[PDB]
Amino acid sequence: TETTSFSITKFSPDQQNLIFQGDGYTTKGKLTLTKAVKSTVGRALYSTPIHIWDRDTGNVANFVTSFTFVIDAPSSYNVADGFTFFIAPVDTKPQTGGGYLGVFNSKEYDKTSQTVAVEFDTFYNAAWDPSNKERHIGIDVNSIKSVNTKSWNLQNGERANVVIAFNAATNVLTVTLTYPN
């Protein structure tokens, strides 16, 4: 058995246990992935590699993560591109920006990506996003085209509480987002 567990309720100006990429940085007790500026990408990874499955026993880990995040857009009509919680290879670096969310480079399935991402997508990219054109939560596997999505109404500048859980017995990943109002 191996268990890993951590909790951060206030970020330090020098979070040595985090790896920052692109424009990510901590300030005022928060982790800022992007400021409201054009064409930018910010990523923050926990520094320790996590043992997710074991090739010898074939066992896969059960895990649960919870975090609070906020999207603060100029108005409800100028908002992009979104945010993701992701699981990737240890050596992961930022991928394409814009609607690719800094995690994928194409809508075609790319097995060499080896990335699973839960997206909170705020902008409709006609080439792959769901046709209703609404903002949505989606589970992405090796592609920016989600395997499953759920419309979501963004509350601009409101703190969202998210819980993501993976049950190894069942192979089901579940996501839940909650606004207090």
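Throughout, we count residues from 1 along the sequence that is shown.
The PDB entry records a higher mean C-alpha B factor for 7-15 than for its counterpart among 7-15 and 156-164. Stretches 94-102 and 75-83 differ in mean CA B factor, with 75-83 having the higher one. Per the PDB entry, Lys133 shows the highest C-alpha temperature factor of the residues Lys38, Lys133, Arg43, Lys145. Out of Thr122, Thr68, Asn125, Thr112, it is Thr112 whose C-alpha atom has the highest B-factor in the PDB entry. Per the deposited record, the Cα B-factor of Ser151 falls in the middle third when ranked against the other modelled residues of its chain.
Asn62: CA B factor lies in the middle third for its chain, per the PDB record.
Sort the modelled residues of the chain by CA B factor and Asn181 lands in the highest third. Among all modelled residues in its chain, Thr26 ranks in the highest third by Cα B-factor. Ranked within its chain, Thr34 lands in the lowest third, by CA B factor from the PDB record.
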